[PDB]
4 protein chains.
Amino acid sequence: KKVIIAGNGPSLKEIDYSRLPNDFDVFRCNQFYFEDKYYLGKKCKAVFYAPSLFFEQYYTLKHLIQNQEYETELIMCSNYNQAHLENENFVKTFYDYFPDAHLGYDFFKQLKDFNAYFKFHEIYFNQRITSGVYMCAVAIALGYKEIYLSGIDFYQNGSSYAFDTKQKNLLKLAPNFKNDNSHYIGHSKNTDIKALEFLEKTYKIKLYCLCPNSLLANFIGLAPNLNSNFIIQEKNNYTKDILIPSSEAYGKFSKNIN
Amino acid sequence: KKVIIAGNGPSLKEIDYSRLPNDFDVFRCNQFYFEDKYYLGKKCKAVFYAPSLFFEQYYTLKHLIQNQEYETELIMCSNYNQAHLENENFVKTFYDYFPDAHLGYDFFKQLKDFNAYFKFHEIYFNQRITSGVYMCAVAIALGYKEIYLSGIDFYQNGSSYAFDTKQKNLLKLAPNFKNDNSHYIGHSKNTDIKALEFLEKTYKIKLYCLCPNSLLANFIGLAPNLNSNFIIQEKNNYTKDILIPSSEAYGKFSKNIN
Amino acid sequence: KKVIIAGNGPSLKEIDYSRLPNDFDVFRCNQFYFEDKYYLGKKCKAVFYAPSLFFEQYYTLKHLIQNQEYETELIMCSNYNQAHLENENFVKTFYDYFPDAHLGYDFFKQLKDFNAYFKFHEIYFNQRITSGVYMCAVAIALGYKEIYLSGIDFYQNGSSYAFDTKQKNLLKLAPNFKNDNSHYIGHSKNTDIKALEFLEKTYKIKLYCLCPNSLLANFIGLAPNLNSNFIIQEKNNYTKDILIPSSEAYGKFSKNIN
Amino acid sequence: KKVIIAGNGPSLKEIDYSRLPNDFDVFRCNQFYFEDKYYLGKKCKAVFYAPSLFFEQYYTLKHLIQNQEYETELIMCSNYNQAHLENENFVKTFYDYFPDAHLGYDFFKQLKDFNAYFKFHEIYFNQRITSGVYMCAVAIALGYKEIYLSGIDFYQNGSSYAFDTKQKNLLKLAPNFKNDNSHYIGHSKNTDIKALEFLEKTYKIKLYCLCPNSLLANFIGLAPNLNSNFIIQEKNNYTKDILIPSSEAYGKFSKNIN
Ligand SMILES: Nc1ccn([C@@H]2O[C@H](COP(=O)(O)O)[C@@H](O)[C@H]2O)c(=O)n1
Ligand SMILES: Nc1ccn([C@@H]2O[C@H](COP(=O)(O)O)[C@@H](O)[C@H]2O)c(=O)n1
Ligand SMILES: Nc1ccn([C@@H]2O[C@H](COP(=O)(O)O)[C@@H](O)[C@H]2O)c(=O)n1
Ligand SMILES: Nc1ccn([C@@H]2O[C@H](COP(=O)(O)O)[C@@H](O)[C@H]2O)c(=O)n1
């Protein structure tokens, strides 16, 4: 199958749907569910969460599924086996706390050349790919060959996500969202582009751009027009903030955070 | 073979023996040996002990076997790979301290969907299945297809086991037994029933109820009447309290408790 | 092949050599090299050392081999995977510090029933088999079927080894040798005999006794008279004390002792 | 293929090139890149770095490759699984920090007899083979059969490398280079020679000497004259000091040093 990999940049709201492939899987990450409409449908092949709020995102995802807001086959933690990026015990006990999820690194590390590329840039130059690029790597390891990108906009003029992230619960869990620039300073356009180009060339897969007005389109060729249809389903009374587990839950998980 | 899984609720003493299957294995757990009569015979396929008193139960079981009070093929520790439920070193060194026993989780974790079901409810909602339900999961992983339940009564009106648990040694090892309600507050009827229903539906096995007067019978269909016979053998001068290992034994095991 | 397993009791010096099998391997343990004559030849199939002085015994063995006093194919550490019996890091890094040796437990644990037998008696009853019995278990795991025993005398009237153990270096490394009873209080005749009987019956091997005047002969049938010959080669200017590694060597090994 | 293994002794500059084999791979180690000319070409099959400065050497190597000063297929850390020789966490997380490199011990330990030989001499006698000998062992494990040695001179009259090692960055990272004798006191000619002889005899490979005026030639037969040609390419504006990673990089790696 073809895969659609979606960041949460503004271009998530400016997909050119006439270019949407006929039969695809969808990869979403992080606060994707803050979206005000189902820009890519409610069915996900995989959802990816950073290690830092994985405990609360997993909880929240279960509520989303129970609520029939989204479905997903795979749940991925976007880890790297780096002490500075993730809690060591969290990773060691992962499959025992989250038996229906995966460590994304199980797949990422299958791309040796890209693992090496990432680590060198991260460790020595503080140049860190974003989640969207990480999902691409995992897609490639899973055997996907045609990758359609959207919602990747390189944090222009602030973090500027495709939705309002200033929500009480997320702000309390992750105070970095209080300010306009909440993402890692080590991210950049060039870093993401160079990484994507490395992946395409190294693993001989194909990248397409679904959003013609995104800066991404200056670097990645457009998905072909197919005259596809898409009705964007609206959302109302939806989950638009992360949920906070009880203090008893935190206590049971306390060896696995910080 | 068919398996009979026995909790230690009052219904252990009100089995409808005309419904006992012809050829079965028996699973017992915890203080099963406190029973005043051999309500299910002295031959067990497996005995299951919680991690918390495993050290003393193993010792006690060896005495029971040496004494010809019970026989058993398998000895299981009912663990979950959760730091809040069990001592980490205990689990790591288990097969070296108890070479003829098993960690039950070796089998429980083979039921991925149920492992995930359990962990989510336990961690986030403090809803904990009971040992009887854990034995069912292990039975399923071992390949059993027809499961006959008894002694499961959901702790109605106190812990109310089928025997007197207020015994000197057990009270000293586990002071929680001093009070009428000694079991985990996180247990409940709904939690056990929902879990059992999940297992039956997910793994396409069959559950039966051996005790028509138990509340369990409101939820699980009765084992068919077969006109089976059973003479309940009495017990006298039997082991009705847990045994306490020497202080030298505790010293050797001290890295594996608390 | 048949194997001769030798403790270091007084009966080591009263082997009835007319009963020595025609083609055998020899297992020796601990301070075997303190012997004043080659009671079993200088060629060993295996030598076994307790964990406690393994570091110095390995060093000493290399000197014995370099000196052409003994040869051996296998070097075994007689471990049990018990924190109270052996240093944990020592066991974890063993093959990296001693690449041509083995942990005996790699073989001992292949005898599940006997592993369980040992652990239960050791942990709960403080009944500890001796090295001679441990070598028997390892012999069985290695596939030996006929086991000829000597030098097993149950520490009658003191530790009373077949040689003088009051040597400067051994006394400094292991002050317990200063007193007449230097062995573990948890050893006994009954414990060794019961264990040997368990092994013979459980693994359907054959035990023989090479020393007709040893108390062992009250329990184990005599090796058949074959009219075999044996000239006991004398030893002179031989290594009769353990060697002590340099303080630099101890420093490098310091994580692996105590 | 045949392999050329190069230490960084003065004889690196006195190779008899008429003896250079026709088709070979090249192994270099440590500060090899300090060389003022390409005494063995810019193409390496493998480069080996000691654990102590591996973090900075890896960084530096990437710059050398980016700069087209050298190429290499394999990057090896010359480790031994010894706490006194290398940082434990460094070794445990190695493949996650350096995904395109190898722990040399993965290969060294495949030579059991030599692993045992090394450990015994190192631990008990403080007799430590040099990197050149370590590369030979790894070459043998990789399947090389004909080994041509150069740049091995046993540190005569000081460490006396084939280049100036008194460089600001190396001196700051490794103050031992400030003095004329900066190498391990535990190295010696006899130790290296005995080890090389052990390897040749044990693994039935062939050693040759490329440098007729080196003391090595008193012990190892000369590579046959083949009338081979070689033009030594000069180096200018080359990297002649190790590079120092940023303080942010050190912070991310801080669990893996000291
Ligand atoms: N303005 C934005 C916001 C998010 N994104 C991308 O969306 C993905 C998910 O966002 P976060 O990793 O910050 O949660 C990342 O690739 C991020 O870089 C973007 O490209 N431009
Ligand atoms: N009154 C009781 C007592 C025990 N039981 C069940 O018997 C099994 C063994 O009891 P404990 O896990 O508390 O040792 C559990 O399933 C427990 O819930 C019950 O269902 N009702
Ligand atoms: N008097 C003795 C001395 C040693 N032995 C046996 O010789 C073997 C080696 O002695 P030690 O394990 O104490 O080093 C053991 O089986 C020990 O019990 C014996 O049986 N009688
Ligand atoms: N004067 C020298 C310098 C280095 N060498 C060898 O070059 C190799 C690399 O040097 P170092 O391991 O010290 O970095 C080692 O084998 C070292 O012994 C040598 O033989 N004589």
# chains A, B, ... in the order shown; residues from 1 in each chain; ligands from 1

$ closest_atom_pairs --of "chain D" --to "ligand 4" --cutoff "9 Å" --atoms "only C-alpha atoms and all ligand atoms" --output "tab-separated table"
residue	atom	partner	partner_atom_place_in_ligand_line	distance
D:6	CA	ligand 4	7 (O)	6.8
D:7	CA	ligand 4	7 (O)	3.1
D:8	CA	ligand 4	7 (O)	3.9
D:9	CA	ligand 4	2 (C)	3.5
D:10	CA	ligand 4	1 (N)	6.0
D:11	CA	ligand 4	21 (N)	8.1
D:12	CA	ligand 4	7 (O)	8.9
D:28	CA	ligand 4	9 (C)	8.2
D:29	CA	ligand 4	9 (C)	6.0
D:30	CA	ligand 4	14 (O)	4.9
D:31	CA	ligand 4	14 (O)	6.3
D:32	CA	ligand 4	9 (C)	7.8
D:49	CA	ligand 4	14 (O)	8.2
D:50	CA	ligand 4	12 (O)	7.8
D:129	CA	ligand 4	16 (O)	7.8
D:130	CA	ligand 4	16 (O)	4.4
D:131	CA	ligand 4	12 (O)	4.4
D:132	CA	ligand 4	16 (O)	3.5
D:133	CA	ligand 4	16 (O)	6.1
D:134	CA	ligand 4	16 (O)	8.0
D:135	CA	ligand 4	16 (O)	8.5
D:150	CA	ligand 4	20 (O)	8.5
D:151	CA	ligand 4	7 (O)	5.8
D:152	CA	ligand 4	20 (O)	3.3
D:153	CA	ligand 4	20 (O)	3.7
D:154	CA	ligand 4	20 (O)	4.0
D:155	CA	ligand 4	1 (N)	3.5
D:156	CA	ligand 4	1 (N)	5.7
D:157	CA	ligand 4	1 (N)	7.9
D:158	CA	ligand 4	1 (N)	7.0
D:159	CA	ligand 4	1 (N)	4.8
D:160	CA	ligand 4	1 (N)	4.5
D:161	CA	ligand 4	3 (C)	4.4
D:162	CA	ligand 4	3 (C)	7.1
D:182	CA	ligand 4	13 (O)	8.0
D:183	CA	ligand 4	13 (O)	5.6
D:184	CA	ligand 4	13 (O)	7.9
D:187	CA	ligand 4	18 (O)	7.5
D:188	CA	ligand 4	18 (O)	8.3
D:189	CA	ligand 4	20 (O)	8.3
D:192	CA	ligand 4	18 (O)	8.1
D:216	CA	ligand 4	20 (O)	8.7

$ residues_around --residues "segment 81-98 of chain B" --least-positions-apart "4" --cutoff "9 Å" --atoms "only C-alpha atoms" --output "list in words"
residues 93, 96, 97, 251, 252, 253 and 255 of chain A; 50, 51, 52, 58, 102, 103, 105, 119, 253, 255, 256, 257 and 258 of chain B; 80, 81, 82, 109, 115, 116, 119, 120 and 123 of chain C

$ atom_distance --atom1 "atom CA of residue 241 of chain B" --atom2 "atom CA of residue 168 of chain B"
7.4 Å

$ select_by_dssp --residues "segment 7-80 of chain B" --states "strand (DSSP E or B)" --output "PyMOL selection string"
chain B and resi 24-29+37+43-49+71-77

$ write_last_selection --atoms "C-alpha atoms" --output "compact mmCIF listing (two decimals), in the first residue's frame"
# COMPACT_ATOMS: atom_id res chain seq x y z
CA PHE B 24 -10.44 -32.84 33.83
CA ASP B 25 -7.35 -31.11 35.24
CA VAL B 26 -7.61 -28.94 38.37
CA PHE B 27 -6.14 -25.46 38.98
CA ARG B 28 -5.96 -24.20 42.56
CA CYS B 29 -4.50 -21.01 43.97
CA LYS B 37 -12.46 -31.27 52.69
CA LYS B 43 -4.60 -33.98 42.61
CA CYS B 44 -3.85 -30.61 40.97
CA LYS B 45 -2.60 -29.97 37.47
CA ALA B 46 -1.33 -26.57 38.65
CA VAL B 47 -1.20 -24.47 41.78
CA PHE B 48 -0.86 -20.70 41.51
CA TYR B 49 0.63 -18.42 44.16
CA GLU B 71 -0.07 -33.50 44.42
CA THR B 72 0.59 -31.04 41.60
CA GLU B 73 2.39 -31.08 38.28
CA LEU B 74 2.94 -27.34 37.81
CA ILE B 75 3.77 -24.58 40.28
CA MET B 76 2.97 -21.08 39.03
CA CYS B 77 3.78 -17.62 40.36

$ interface_residues --of "chain D" --to "chain A" --cutoff "6 Å" --atoms "only C-alpha atoms" --output "list in words"
residues 99, 100, 249 and 252 of chain D

$ write_last_selection --atoms "N, CA and C atoms" --output "PDB file, in the first residue's frame"
ATOM      1  N   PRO D  99      25.806   3.569  15.161  1.00  0.00           N
ATOM      2  CA  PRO D  99      25.167   2.415  14.509  1.00  0.00           C
ATOM      3  C   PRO D  99      25.930   1.836  13.327  1.00  0.00           C
ATOM      4  N   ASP D 100      26.887   2.583  12.781  1.00  0.00           N
ATOM      5  CA  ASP D 100      27.664   2.086  11.632  1.00  0.00           C
ATOM      6  C   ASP D 100      29.062   1.610  12.031  1.00  0.00           C
ATOM      7  N   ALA D 249      27.426  18.083  22.866  1.00  0.00           N
ATOM      8  CA  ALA D 249      27.654  16.699  22.465  1.00  0.00           C
ATOM      9  C   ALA D 249      28.168  15.885  23.657  1.00  0.00           C
ATOM     10  N   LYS D 252      25.386  14.970  26.041  1.00  0.00           N
ATOM     11  CA  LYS D 252      24.531  13.871  25.592  1.00  0.00           C
ATOM     12  C   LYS D 252      25.223  12.524  25.786  1.00  0.00           C
TER      13      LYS D 252
END

$ select_by_dssp --residues "segment 84-128 of chain A" --states "helix (DSSP H, G or I)" --output "list in words"
residues 88, 89, 90, 91, 92, 94, 95, 96, 97, 105, 106, 107, 108, 112, 113, 114, 115, 116, 117, 118, 119, 120, 121, 122, 123, 124 and 125 of chain A

$ residues_around --residues "residue 210 of chain A" --least-positions-apart "4" --cutoff "12 Å" --atoms "only C-alpha atoms" --output "JSON, numbers by chain"
{"A": [3, 4, 5, 6, 7, 11, 12, 13, 14, 15, 16, 17, 18, 19, 20, 21, 40, 147, 148, 149, 150, 151, 152, 153, 214, 215, 216, 217, 220, 221, 222, 223, 224, 225, 226]}

$ residues_around --residues "residue 69 of chain A" --least-positions-apart "2" --cutoff "9 Å" --atoms "only C-alpha atoms" --output "mmCIF file with N, CA and C atoms, in the first residue's frame"
data_model
loop_
_atom_site.group_PDB
_atom_site.id
_atom_site.type_symbol
_atom_site.label_atom_id
_atom_site.label_comp_id
_atom_site.auth_asym_id
_atom_site.auth_seq_id
_atom_site.Cartn_x
_atom_site.Cartn_y
_atom_site.Cartn_z
ATOM 1 N N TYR A 33 -5.009 14.657 17.097
ATOM 2 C CA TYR A 33 -6.435 14.677 17.421
ATOM 3 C C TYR A 33 -6.990 16.066 17.809
ATOM 4 N N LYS A 42 -10.832 9.283 9.927
ATOM 5 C CA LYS A 42 -10.664 8.895 11.312
ATOM 6 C C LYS A 42 -9.906 7.581 11.472
ATOM 7 N N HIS A 63 -9.204 6.517 25.066
ATOM 8 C CA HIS A 63 -10.454 7.259 25.159
ATOM 9 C C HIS A 63 -10.975 7.621 23.761
ATOM 10 N N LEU A 64 -10.084 8.085 22.881
ATOM 11 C CA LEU A 64 -10.454 8.407 21.494
ATOM 12 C C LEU A 64 -11.053 7.200 20.785
ATOM 13 N N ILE A 65 -10.437 6.040 20.984
ATOM 14 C CA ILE A 65 -10.912 4.828 20.336
ATOM 15 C C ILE A 65 -12.249 4.425 20.950
ATOM 16 N N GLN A 66 -12.309 4.379 22.282
ATOM 17 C CA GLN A 66 -13.568 4.075 22.972
ATOM 18 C C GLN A 66 -14.688 5.003 22.528
ATOM 19 N N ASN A 67 -14.325 6.255 22.275
ATOM 20 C CA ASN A 67 -15.251 7.287 21.844
ATOM 21 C C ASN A 67 -15.577 7.242 20.364
ATOM 22 N N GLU A 71 -9.747 5.413 14.839
ATOM 23 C CA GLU A 71 -9.302 4.028 14.963
ATOM 24 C C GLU A 71 -7.836 3.984 14.574
ATOM 25 N N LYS A 235 -15.824 17.839 12.960
ATOM 26 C CA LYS A 235 -15.797 17.281 14.294
ATOM 27 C C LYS A 235 -16.549 18.222 15.218
ATOM 28 N N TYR A 238 -15.576 17.103 20.361
ATOM 29 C CA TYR A 238 -14.472 16.165 20.232
ATOM 30 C C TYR A 238 -13.384 16.400 21.281
ATOM 31 N N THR A 239 -12.514 15.407 21.452
ATOM 32 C CA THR A 239 -11.413 15.523 22.391
ATOM 33 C C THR A 239 -10.338 16.412 21.769
#
